[PDB]
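Below is my_file_12.pdb, which holds PDB, C-alpha atoms.
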```pdb
MODEL        1
ATOM      1  CA  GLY A 276      -9.147  -8.427 -11.444  1.00  0.00           C
ATOM      2  CA  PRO A 277      -6.539  -7.021 -13.824  1.00  0.00           C
ATOM      3  CA  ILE A 278      -3.287  -5.651 -12.462  1.00  0.00           C
ATOM      4  CA  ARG A 279      -3.050  -1.872 -12.405  1.00  0.00           C
ATOM      5  CA  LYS A 280      -0.028   0.272 -11.698  1.00  0.00           C
ATOM      6  CA  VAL A 281      -0.811   3.541  -9.939  1.00  0.00           C
ATOM      7  CA  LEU A 282       1.699   6.331  -9.337  1.00  0.00           C
ATOM      8  CA  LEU A 283       1.462   8.098  -5.990  1.00  0.00           C
ATOM      9  CA  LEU A 284       3.269  11.372  -5.402  1.00  0.00           C
ATOM     10  CA  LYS A 285       3.944  12.344  -1.817  1.00  0.00           C
ATOM     11  CA  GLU A 286       5.733  15.200  -0.108  1.00  0.00           C
ATOM     12  CA  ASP A 287       8.520  14.293   2.312  1.00  0.00           C
ATOM     13  CA  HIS A 288       6.420  15.042   5.413  1.00  0.00           C
ATOM     14  CA  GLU A 289       3.383  12.893   4.618  1.00  0.00           C
ATOM     15  CA  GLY A 290       2.506   9.231   4.779  1.00  0.00           C
ATOM     16  CA  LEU A 291       1.066   7.235   1.923  1.00  0.00           C
ATOM     17  CA  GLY A 292      -2.461   7.803   3.184  1.00  0.00           C
ATOM     18  CA  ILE A 293      -3.627   4.193   3.481  1.00  0.00           C
ATOM     19  CA  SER A 294      -4.362   1.677   6.176  1.00  0.00           C
ATOM     20  CA  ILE A 295      -3.372  -1.908   5.367  1.00  0.00           C
ATOM     21  CA  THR A 296      -4.332  -5.323   6.705  1.00  0.00           C
ATOM     22  CA  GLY A 297      -3.166  -8.811   5.818  1.00  0.00           C
ATOM     23  CA  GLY A 298       0.178 -10.311   4.954  1.00  0.00           C
ATOM     24  CA  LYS A 299       1.857 -13.694   4.886  1.00  0.00           C
ATOM     25  CA  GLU A 300       1.084 -14.623   8.495  1.00  0.00           C
ATOM     26  CA  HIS A 301      -2.624 -13.980   7.850  1.00  0.00           C
ATOM     27  CA  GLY A 302      -2.966 -16.056   4.698  1.00  0.00           C
ATOM     28  CA  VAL A 303      -4.056 -13.097   2.539  1.00  0.00           C
ATOM     29  CA  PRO A 304      -2.328 -10.346   0.544  1.00  0.00           C
ATOM     30  CA  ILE A 305      -1.528  -6.930   1.868  1.00  0.00           C
ATOM     31  CA  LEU A 306      -4.914  -5.253   1.501  1.00  0.00           C
ATOM     32  CA  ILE A 307      -5.947  -1.603   1.518  1.00  0.00           C
ATOM     33  CA  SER A 308      -8.484  -1.234   4.318  1.00  0.00           C
ATOM     34  CA  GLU A 309      -8.800   2.578   4.319  1.00  0.00           C
ATOM     35  CA  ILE A 310      -7.930   5.450   1.976  1.00  0.00           C
ATOM     36  CA  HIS A 311      -7.489   8.655   3.955  1.00  0.00           C
ATOM     37  CA  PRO A 312      -8.933  11.876   2.478  1.00  0.00           C
ATOM     38  CA  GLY A 313      -6.460  14.402   1.136  1.00  0.00           C
ATOM     39  CA  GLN A 314      -3.439  12.104   1.499  1.00  0.00           C
ATOM     40  CA  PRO A 315      -1.334  10.782  -1.401  1.00  0.00           C
ATOM     41  CA  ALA A 316      -3.291   7.629  -2.260  1.00  0.00           C
ATOM     42  CA  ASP A 317      -6.537   9.600  -2.371  1.00  0.00           C
ATOM     43  CA  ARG A 318      -4.977  12.354  -4.482  1.00  0.00           C
ATOM     44  CA  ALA A 319      -3.681   9.810  -7.001  1.00  0.00           C
ATOM     45  CA  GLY A 320      -7.051   8.155  -7.482  1.00  0.00           C
ATOM     46  CA  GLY A 321      -7.292   4.691  -8.928  1.00  0.00           C
ATOM     47  CA  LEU A 322      -6.834   2.935  -5.605  1.00  0.00           C
ATOM     48  CA  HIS A 323      -9.689   1.286  -3.741  1.00  0.00           C
ATOM     49  CA  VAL A 324     -10.464  -0.219  -0.395  1.00  0.00           C
ATOM     50  CA  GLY A 325     -10.157  -3.930  -1.091  1.00  0.00           C
ATOM     51  CA  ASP A 326      -7.214  -3.627  -3.480  1.00  0.00           C
ATOM     52  CA  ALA A 327      -4.325  -5.985  -2.817  1.00  0.00           C
ATOM     53  CA  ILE A 328      -0.882  -4.379  -2.954  1.00  0.00           C
ATOM     54  CA  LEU A 329       1.203  -6.878  -4.897  1.00  0.00           C
ATOM     55  CA  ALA A 330       4.313  -4.686  -5.143  1.00  0.00           C
ATOM     56  CA  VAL A 331       5.581  -1.190  -4.409  1.00  0.00           C
ATOM     57  CA  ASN A 332       8.361   0.399  -6.488  1.00  0.00           C
ATOM     58  CA  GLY A 333       9.262  -3.056  -7.726  1.00  0.00           C
ATOM     59  CA  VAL A 334       9.441  -4.678  -4.279  1.00  0.00           C
ATOM     60  CA  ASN A 335       7.327  -7.842  -4.379  1.00  0.00           C
ATOM     61  CA  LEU A 336       4.964  -7.809  -1.378  1.00  0.00           C
ATOM     62  CA  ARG A 337       3.047 -10.986  -2.248  1.00  0.00           C
ATOM     63  CA  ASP A 338       4.871 -13.125   0.344  1.00  0.00           C
ATOM     64  CA  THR A 339       5.877 -10.572   2.995  1.00  0.00           C
ATOM     65  CA  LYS A 340       4.761 -10.518   6.600  1.00  0.00           C
ATOM     66  CA  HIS A 341       2.621  -7.564   7.640  1.00  0.00           C
ATOM     67  CA  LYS A 342       5.386  -5.659   9.440  1.00  0.00           C
ATOM     68  CA  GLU A 343       7.879  -6.223   6.604  1.00  0.00           C
ATOM     69  CA  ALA A 344       5.359  -4.693   4.201  1.00  0.00           C
ATOM     70  CA  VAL A 345       4.718  -1.773   6.584  1.00  0.00           C
ATOM     71  CA  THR A 346       8.447  -1.117   6.783  1.00  0.00           C
ATOM     72  CA  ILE A 347       8.989  -1.226   3.009  1.00  0.00           C
ATOM     73  CA  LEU A 348       5.970   0.998   2.400  1.00  0.00           C
ATOM     74  CA  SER A 349       7.103   3.488   5.062  1.00  0.00           C
ATOM     75  CA  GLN A 350      10.530   3.800   3.386  1.00  0.00           C
ATOM     76  CA  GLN A 351       9.203   4.903  -0.005  1.00  0.00           C
ATOM     77  CA  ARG A 352       9.729   8.508  -1.020  1.00  0.00           C
ATOM     78  CA  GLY A 353       8.498  10.842  -3.732  1.00  0.00           C
ATOM     79  CA  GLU A 354       7.047   9.075  -6.769  1.00  0.00           C
ATOM     80  CA  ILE A 355       5.847   5.621  -5.729  1.00  0.00           C
ATOM     81  CA  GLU A 356       4.396   2.983  -8.051  1.00  0.00           C
ATOM     82  CA  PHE A 357       1.848   0.598  -6.588  1.00  0.00           C
ATOM     83  CA  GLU A 358       1.037  -2.631  -8.371  1.00  0.00           C
ATOM     84  CA  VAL A 359      -2.489  -3.521  -7.270  1.00  0.00           C
ATOM     85  CA  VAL A 360      -5.333  -5.862  -8.081  1.00  0.00           C
ATOM     86  CA  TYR A 361      -8.897  -5.705  -6.831  1.00  0.00           C
ATOM     87  CA  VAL A 362      -9.586  -8.971  -5.044  1.00  0.00           C
TER      88      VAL A 362
ATOM     89  CA  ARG B   1      -7.309  -7.399  13.607  1.00  0.00           C
ATOM     90  CA  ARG B   2      -3.830  -6.375  12.465  1.00  0.00           C
ATOM     91  CA  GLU B   3      -4.120  -2.990  10.747  1.00  0.00           C
ATOM     92  CA  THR B   4      -1.473  -0.294  10.224  1.00  0.00           C
ATOM     93  CA  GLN B   5      -1.657   3.264   8.914  1.00  0.00           C
ATOM     94  CA  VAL B   6       1.194   4.054   6.519  1.00  0.00           C
TER      95      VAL B   6
ENDMDL
END
```

In structure tokens, what does this structure look like?
Amino acid sequence: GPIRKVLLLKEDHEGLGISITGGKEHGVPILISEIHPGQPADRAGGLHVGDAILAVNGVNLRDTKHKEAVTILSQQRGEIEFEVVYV
Amino acid sequence: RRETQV
């Protein structure tokens, strides 16, 4: 699909509100597998189960291992831009 | 399956 950029806003105590699968070692992009109700991704709208996360706040995730992506995603704070495409 | 909540 077309690339979309979605702005999440999260408070300092919460997670992003997604589950992710995939990554370089699995031969597929980082993929959103769940969007958790009431958490930041859900509140933003515009994200979907099945979206690939190509980048977060300008960090390219297209060639990162799963745990590297988890770590980068976990470090984001406040206003967070996701670059996604529905695969 | 590898899956992580973040």

Please produce, as a Markdown table, a per-residue contact table for chain A versus chain B (criterion: any atom at most 9 Å away, only C-alpha atoms considered), showing the nearest atom pair and its distance in Å to one decimal, sorted by chain then residue number.
```
| residue | atom | partner | partner_atom | distance |
| --- | --- | --- | --- | --- |
| A:290 | CA | B:6 | CA | 5.6 |
| A:291 | CA | B:6 | CA | 5.6 |
| A:292 | CA | B:6 | CA | 6.2 |
| A:293 | CA | B:6 | CA | 5.7 |
| A:294 | CA | B:5 | CA | 4.2 |
| A:295 | CA | B:4 | CA | 5.5 |
| A:296 | CA | B:3 | CA | 4.7 |
| A:297 | CA | B:2 | CA | 7.1 |
| A:301 | CA | B:2 | CA | 9.0 |
| A:308 | CA | B:3 | CA | 8.0 |
| A:309 | CA | B:5 | CA | 8.5 |
| A:341 | CA | B:2 | CA | 8.1 |
| A:342 | CA | B:4 | CA | 8.7 |
| A:345 | CA | B:6 | CA | 6.8 |
| A:346 | CA | B:6 | CA | 8.9 |
| A:348 | CA | B:6 | CA | 7.0 |
| A:349 | CA | B:6 | CA | 6.1 |
```

Could the residues in this selection be written to a file with C-alpha atoms, as an mmCIF file, keeping the file's coordinate frame?
```cif
data_model
loop_
_atom_site.group_PDB
_atom_site.id
_atom_site.type_symbol
_atom_site.label_atom_id
_atom_site.label_comp_id
_atom_site.auth_asym_id
_atom_site.auth_seq_id
_atom_site.Cartn_x
_atom_site.Cartn_y
_atom_site.Cartn_z
ATOM 1 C CA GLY A 290 2.506 9.231 4.779
ATOM 2 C CA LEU A 291 1.066 7.235 1.923
ATOM 3 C CA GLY A 292 -2.461 7.803 3.184
ATOM 4 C CA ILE A 293 -3.627 4.193 3.481
ATOM 5 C CA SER A 294 -4.362 1.677 6.176
ATOM 6 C CA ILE A 295 -3.372 -1.908 5.367
ATOM 7 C CA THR A 296 -4.332 -5.323 6.705
ATOM 8 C CA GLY A 297 -3.166 -8.811 5.818
ATOM 9 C CA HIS A 301 -2.624 -13.980 7.850
ATOM 10 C CA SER A 308 -8.484 -1.234 4.318
ATOM 11 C CA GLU A 309 -8.800 2.578 4.319
ATOM 12 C CA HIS A 341 2.621 -7.564 7.640
ATOM 13 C CA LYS A 342 5.386 -5.659 9.440
ATOM 14 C CA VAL A 345 4.718 -1.773 6.584
ATOM 15 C CA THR A 346 8.447 -1.117 6.783
ATOM 16 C CA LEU A 348 5.970 0.998 2.400
ATOM 17 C CA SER A 349 7.103 3.488 5.062
#
```

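Residues in contact range of residue A:355, defined as at most 9 Å between all atoms listed in the file, with sequence neighbours fewer than 2 positions away removed, read residues 281, 282, 283, 284, 285, 331, 332, 351, 352, 353 and 357 of chain A.
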
Checklist outcome for this item: In Å and to one decimal, atom CA of residue A:330 is distant from atom CA of residue A:356 by 8.2 Å

Checklist entry - Please, what distance in Å, to one decimal, runs between atom CA of residue A:338 and atom CA of residue A:319? => result 25.6 Å

Checklist entry - Mind pulling up the distance from atom CA of residue A:320 to atom CA of residue A:302? => result 27.4 Å

Picked residues, the PyMOL selection byres ((chain A and resi 360) around 10), as a compact mmCIF listing (two decimals) with C-alpha atoms, in the coordinates of the input:
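Here's the written file selection-v4.txt:
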```
# COMPACT_ATOMS: atom_id res chain seq x y z
CA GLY A 276 -9.15 -8.43 -11.44
CA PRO A 277 -6.54 -7.02 -13.82
CA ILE A 278 -3.29 -5.65 -12.46
CA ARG A 279 -3.05 -1.87 -12.40
CA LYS A 280 -0.03 0.27 -11.70
CA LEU A 306 -4.91 -5.25 1.50
CA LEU A 322 -6.83 2.94 -5.60
CA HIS A 323 -9.69 1.29 -3.74
CA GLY A 325 -10.16 -3.93 -1.09
CA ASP A 326 -7.21 -3.63 -3.48
CA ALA A 327 -4.32 -5.98 -2.82
CA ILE A 328 -0.88 -4.38 -2.95
CA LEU A 329 1.20 -6.88 -4.90
CA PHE A 357 1.85 0.60 -6.59
CA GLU A 358 1.04 -2.63 -8.37
CA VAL A 359 -2.49 -3.52 -7.27
CA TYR A 361 -8.90 -5.70 -6.83
CA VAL A 362 -9.59 -8.97 -5.04
```
